[PDB]
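Input: a single structure, listed below in C-alpha cells.
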Amino acid sequence: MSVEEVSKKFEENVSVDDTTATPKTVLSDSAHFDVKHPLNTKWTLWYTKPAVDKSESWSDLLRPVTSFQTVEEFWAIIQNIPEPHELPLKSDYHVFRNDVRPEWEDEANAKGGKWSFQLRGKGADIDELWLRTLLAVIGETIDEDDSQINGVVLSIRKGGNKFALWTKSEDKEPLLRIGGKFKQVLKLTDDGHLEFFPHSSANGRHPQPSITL
Ligand SMILES: C[n+]1cn([C@@H]2O[C@H](COP(=O)(O)OP(=O)(O)O)[C@@H](O)[C@H]2O)c2nc(N)[nH]c(=O)c21
C-alpha cells in the first residue's frame, strides 16, 4: 500500500553560511585529474564521408559514432590523418554534446553560432594541430572554452579545407576574438579567409551573420 512517515527535515539554511554540510554529503567522490585519455565531458562523433545526399540524404551519409569523454577516441578519427590533405576532401567531421549536438541544422540552435575557416594553401599537417585544439576544447580540462562553447566540427572540400566551431552562446564578441586566433592556427595568410555565422544561418539567415574573409 502507500505509507509514509510524517517528520520532514527542513533545516538546511546555508545560502551564504558556507556549506556546513561537510560530514553530510550525497556523494564524496571526485576522481578527475585524468588528462591521460578521459577528460570530463560527453561528445559524440558524427563524421560525413560521401555526399550522395543529392539522391540519398545528408543524414544517410553522416555516420554518428564514438561518444565518449576522452581523447583517445577522437584521436582515432585523427589517427587516419585524412584531414591534413590525406582524404578525398569534401569531408565533414562533427563532435559535441556540451549544450546542444543535434547537427549543423540545430547545433546552432544551441544558441551560439557557427565559425568556419576555409583554407586554400596546402600544409599537409594543419588539420592535426587545429584538431588537437578542437577535440581538446571539448573538455581536456582546458577551461575558458570547453564551457562557453557547445561543439565543434571539421569539413574539407575541393582544394579548400573548412573547419567549424559551434559555440553555446559565449557571444560573437569572444568569437570574433577566438575566430581571429583560430583563423591563424590554420597556418594561413593568403587573406585570413574564414566565415562567421550565427545559428541564424542554419535556420533563416535573415539578419547578417558576422564576416567572411
Ligand atoms: C553539416 N551539414 C551539412 N548539410 C548539407 O550538406 C551540404 C554540403 O555541401 P557543402 O556546403 O559544399 O559542404 P560539403 O560538401 O563539404 O559537405 C550542404 O548543402 C548542407 O545543406 C547538412 N544538412 C542537414 N540537414 N544537416 C546538417 O547538419 C548538415
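Please note: Cβ atoms are built from the backbone with ideal geometry, for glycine as well, and neighbour counts cover all protein chains shown. Bear in mind that the values in this text are calculations on the coordinates, not laboratory data.
So here's what we get for this one:
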item	result
Residue selected from segment 21-51 under the condition of a type in the set (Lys, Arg) and surrounded by 12 or more Cβ atoms within 10 Å (Cβ to Cβ), by the criterion nearest to residue 67 (Cα to Cα)	42
Hits in segment 166-190 (condition: without any contact (Cβ under 8 Å) to a residue 60 or more places away in the chain and on the phi > 0 side of the Ramachandran plot)	171
Residue ID - farthest from residue 91 (Cα to Cα), chosen from residues in segment 47-68 that are among the β-branched types (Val, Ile, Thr) and touching a helix residue (DSSP H, G or I) at 6+ places or on another chain (Cβ under 7 Å)	66
Sole residue being in contact (Cβ under 8 Å) with a residue 60 or more places away in the chain and of a type outside the set (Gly, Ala, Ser), chosen from 41, 25, 19	41
In segment 97-112, residue nearest to the ligand (Cβ to nearest atom) [restricted to those that are on the phi < 0 side of the Ramachandran plot and not acidic (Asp, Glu)]	104
Flag for residue 73 being more than 12 Å from the ligand (Cβ to nearest atom), in contact with a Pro (Cβ under 9 Å, 6 or more places away or on another chain) and not in a loop (DSSP other than H, G, I, E, B)	no
Matching residues, segment 151-205, being of a type in the set (S, T, N, Q), within 24 Å of residue 136 (Cβ to Cβ) and either in a strand (DSSP E or B) or within 16 Å of the ligand (Cβ to nearest atom) (or both)	155, 161, 167
